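These notes concern the structure reproduced below.
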2 protein chains.
Amino acid sequence: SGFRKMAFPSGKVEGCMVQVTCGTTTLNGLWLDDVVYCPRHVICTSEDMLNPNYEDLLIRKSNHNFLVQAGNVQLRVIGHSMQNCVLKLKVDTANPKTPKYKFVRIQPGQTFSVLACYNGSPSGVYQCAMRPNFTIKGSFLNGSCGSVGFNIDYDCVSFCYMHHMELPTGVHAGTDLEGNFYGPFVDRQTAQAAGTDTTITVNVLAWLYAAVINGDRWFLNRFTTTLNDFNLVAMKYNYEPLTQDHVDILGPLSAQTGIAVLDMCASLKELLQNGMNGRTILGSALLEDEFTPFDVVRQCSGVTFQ
Amino acid sequence: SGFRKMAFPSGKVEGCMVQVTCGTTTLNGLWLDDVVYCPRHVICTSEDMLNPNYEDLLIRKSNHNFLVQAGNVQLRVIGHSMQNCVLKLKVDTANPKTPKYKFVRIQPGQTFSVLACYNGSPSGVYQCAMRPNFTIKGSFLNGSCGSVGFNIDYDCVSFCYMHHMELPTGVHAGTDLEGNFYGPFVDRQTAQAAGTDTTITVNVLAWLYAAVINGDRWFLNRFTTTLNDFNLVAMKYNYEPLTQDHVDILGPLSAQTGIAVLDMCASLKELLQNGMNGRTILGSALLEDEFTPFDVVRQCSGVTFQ
Ligand SMILES: O=C(c1cc(=O)[nH]c(=O)[nH]1)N1CCN(c2cc(Cl)c(Cl)c(Cl)c2)CC1
Ligand SMILES: O=C(c1cc(=O)[nH]c(=O)[nH]1)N1CCN(c2cc(Cl)c(Cl)c(Cl)c2)CC1
């Protein structure tokens, strides 16, 4: 038992991290087979930051403008191209530690692990969720660009995020690995702001199920509600509305605890109206929304990976 | 910026995890050079659980009673011995992925990363603290025994914890890698309970410094206190007392924020007496005590590892 903010083991990703330098700018790249992927803003200088023309900046570069280092070994850049907001650097050597991988775009509310890196060197791993406003609440310092987010599905690493920038509110924005931004953000140093965030309701419910599994039961009651009555209260508190699809997703947790989803929704409705009254749930005094139903099952039932 | 519960990258440890079977019992082992380390209770059956005589149980075994698998490859056990509460299995092949390592015993209040494993397969990584009562609040299911805790110091993995059991309150207990238990626990299925826990004060202060660095300032004030006046209030709230050594440890964070430790202590004293009043600090509504001063510096300044 117990319940922690748990990330995926990062070994398979650590072997893909490289350092990319172009000019006076160094950041992180992702080396899979013979391609290194990195944010295209590595080719900007201080003059182009505010309004870069990336096609112009890239035409003015040659392969030898790009220094790629995998620890000590130097990788020779033999070609380069741009795919949306990522740069693809073709190198002379295929990464022998390339795992089975795919590129996937995730949806708001889903979680992934972040391998924070500096100078091509992995520094830490942590778990976060894609927020409904398409930002993540990450932990990143100067030099972290090109760090990646990923899930592990059996033996296969699913890359879903590459880090590009920090917004003024301290939250983070980036792209999928095909270079398409999450959210309405652009890779230029203008003043952009995230839209208003909401709480991920299906995730709060999954976490309450995790609490019941771990012996936290004080918030339960024998009332039941309907989808439409619950969604009416949720809207007032800036909670995402609950769909029948969400109810089905919560099936395994309802089955294992014998508490129906709409029963659990009645508990959540009370918590939103009366608060917690100085009581905690799984060691938190706030309702937690960064665990998916799958995260809970994985941690309260125990799937491994190859 | 930002602040997350961040673990060390686990790659260097993942390559050391093996599966150990003896009889109908399978659990995890740690393979370094030509020795596999695992909890000695792998040699118990249901009859010996309540009061095992480990010297008797071990004499009745031969090398071929122990099945060790590193994924698919079978490792041949050519010798075995007991060191306190761990079993040391000598095998025919030295682990080619052995990192630079050492065995260290940590103190209450220090943090480490846990690589939770099942059947020799790494499942997740998370960060926790050794509590003052020598337990950890882990996340572990059936089959997790032999999972290890570790820190990374530059290029060197410092192993500090091997998982042995879950106590009745849902918290976890284990040994250092020389087999000596943390706390007054024994590897037998008697009813043992952890003593009362306290809050790790120096860690709460470090976290308040992390908050200031990330722009959370609402709890500050211009009062100052003394060590002895603060410790008087802390005792009443089940907080560990604060030593001059703790003050010195917090030096770098005082320097970077320009707020003296005893100034910060005056803020903490107010938070303990008036509560949080529905305000949060770094996204928490409770005071967090599982980040050391070193964790904060590492995350709010940015050390990598080789
Ligand atoms: O390393 C960080 C960083 C990341 C983070 O998450 N937090 C943080 O404090 N610093 N940089 C800030 C973003 N920088 C940048 C540069 C250009 Cl030229 C463009 Cl065009 C754009 Cl969009 C962004 C690169 C450097
Ligand atoms: O896998 C887990 C486990 C770990 C955990 O953290 N949580 C959890 O639910 N289960 N086991 C419980 C402890 N078991 C055991 C067996 C013997 Cl024979 C002795 Cl003597 C002792 Cl001390 C302990 C081994 C199996």
Side-chain angles (χ1 to χ4, degrees), chain A residues 1-15 17 71 97 113-128 136-144 152 166 169-172 214-215 275-276 278 280 283-286 288 295 298-306, chain B residues 1-15 17 71 97 113-128 136-144 152 166 169-172 214-215 275-276 278 280 283-286 288 295 298-306:
Chain A
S1 79
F3 203 72
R4 284 285 188 173
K5 275 266 162 86
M6 166 178 311
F8 284 101
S10 61
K12 288 195 172 53
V13 176
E14 296 169 45
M17 296 314 290
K97 296 182 212 141
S113 299
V114 169
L115 183 63
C117 293
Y118 301 87
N119 303 306
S121 274
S123 168
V125 70
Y126 57 85
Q127 193 80 350
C128 61
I136 69 165
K137 301 188 265 209
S139 174
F140 286 124
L141 306 171
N142 183 76
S144 57
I152 295 182
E166 182 171 312
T169 47
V171 296
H172 297 104
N214 279 274
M276 314 255 306
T280 61
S284 183
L286 303 172
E288 165 83 60
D295 299 339
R298 157 170 130 78
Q299 177 158 188
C300 300
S301 298
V303 199
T304 24
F305 296 103
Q306 212 60 47
Chain B
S1 79
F3 203 72
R4 284 285 188 173
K5 275 266 162 86
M6 166 178 311
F8 284 101
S10 61
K12 288 195 172 53
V13 176
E14 296 169 45
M17 296 314 290
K97 296 182 212 141
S113 299
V114 169
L115 183 63
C117 293
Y118 301 87
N119 303 306
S121 274
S123 168
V125 70
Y126 57 85
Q127 193 80 350
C128 61
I136 69 165
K137 301 188 265 209
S139 174
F140 286 124
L141 306 171
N142 183 76
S144 57
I152 295 182
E166 182 171 312
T169 47
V171 296
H172 297 104
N214 279 274
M276 314 255 306
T280 61
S284 183
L286 303 172
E288 165 83 60
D295 299 339
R298 157 170 130 78
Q299 177 158 188
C300 300
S301 298
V303 199
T304 24
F305 296 103
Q306 212 60 47

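Computed over heavy atoms, backbone and side chain alike; hydrogens, waters and symmetry mates excluded. Lettering of chains follows the sequences in order, A, B, ..., and the numbering in each one begins at 1.
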Could you have a look at [options] and say which one has the most heavy-atom pairs with chain B under 4.5 angstrom?
options: A/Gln127, A/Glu14, A/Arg4; value: A/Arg4
options: A/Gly124, A/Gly143, A/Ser1, A/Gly71; value: A/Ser1
options: A/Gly138, A/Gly2, A/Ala7; value: A/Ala7
options: A/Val114, A/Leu141, A/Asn214, A/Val303; value: A/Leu141
options: A/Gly302, A/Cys128, A/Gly283; value: A/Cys128

Review point. Among B/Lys12, B/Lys5, B/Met6, B/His172, which has the most heavy-atom pairs under 4.5 Å with chain A?
Key: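 Most heavy-atom pairs within the cutoff with chain A belong to B/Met6.
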Check your understanding: Checking heavy atoms, do the side chain of B/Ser144, its backbone, both or neither come under 4.5 Å from chain A?
Key ->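 Nothing of B/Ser144, per the 4.5 Å heavy-atom cut-off to chain A.
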Practice item. Go through the structure and list residues passing side-chain hydrogen bond (donor to acceptor under 3.5 Å, both in side chains) with A/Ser284, not counting sequence neighbours. Key: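 Result, side-chain hydrogen bond (donor to acceptor under 3.5 Å, both in side chains) vs A/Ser284: none returned.
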Working to the nearest 0.5 angstrom, can you tell me the gap between [X] [atom1] and [Y] [atom2]?
X: A/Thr304; Y: A/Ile152; atom1: OG1; atom2: CD1; result: 11.5 Å
X: A/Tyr126; Y: A/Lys137; atom1: OH; atom2: NZ; result: 13.0 Å
X: B/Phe8; Y: B/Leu115; atom1: CZ; atom2: CG; result: 14.0 Å

Practice item. Could you pull out all residues at least two apart from A/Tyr118 that satisfy ring-ring contact (aromatic ring centres under 6.0 Å, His included)? Key: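 Residues passing ring-ring contact (aromatic ring centres under 6.0 Å, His included) with A/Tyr118: none at all.
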**Study point:** Region of A/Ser301 that comes under 4.5 Å of a non-hydrogen atom in chain B
**Key:**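 Answer is backbone: N, CA, C or O of A/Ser301 sit under 4.5 Å from chain B.
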Practice item. Heavy-atom distances under 4.5 Å only: say whether A/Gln299 touches chain B with side chain, backbone, both or neither. Key: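 Backbone plus side chain of A/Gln299, per the 4.5 Å heavy-atom cut-off to chain B.
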Check your understanding: Within the side chain of A/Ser10, is there an N or O that forms a donor-acceptor pair under 3.5 Å with the backbone of B/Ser10?
Key ->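 Checking the backbone N and O of B/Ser10 against the side chain of A/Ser10, a donor-acceptor pair under 3.5 Å is found.
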Check your understanding: Within 45° of the axis and under 6.0 Å from the centre of the six-membered ring of A/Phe305, does NZ or CZ of A/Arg298 qualify?
Key ->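 The answer is no; the distance or angle limit is not met.
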